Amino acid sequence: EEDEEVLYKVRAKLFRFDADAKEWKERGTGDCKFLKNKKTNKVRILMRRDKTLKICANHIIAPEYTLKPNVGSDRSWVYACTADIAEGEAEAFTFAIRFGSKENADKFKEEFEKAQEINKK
């Protein structure tokens, strides 16, 4: 992560939807980071777990992505991710990310849009 600028850092819990069990499954808790590649100017979400530092999210903030509310939460977003490489081979996921407060979640949405617009260039 030495070739990337940190645009935004926030504590978050990340979930992935399991369509089979029809339930949200925690994927990790830790620092969610918007990283700007200094060669391509491409902004990714990289999220690592507390203590193990294992990757629970690694994907481009695609301009097509849309943050939607969850019915249960005023401090979360759900969005479809076409290609996440946290577990290795790129996979499609339905993700949910929850923050400490409505304020953190709105701030995240603001940064995620600013990142989408950097990724349009």
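In this text, residue numbers run from 1 along the sequence as written.
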| query | finding |
| --- | --- |
| Mean C-alpha B-factor comparison - 72-80 and 38-46, higher one | 38-46 |
| Residue with highest C-alpha B-factor in the PDB entry, from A96, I61, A90, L67 | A90 |
| Among modelled residues of the same chain, the CA temperature factor third for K51 | highest |
| Within-chain third of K102 by Cα B-factor, per the entry | middle |
| Chain thirds of CA B-factor: placement of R16 | lowest |
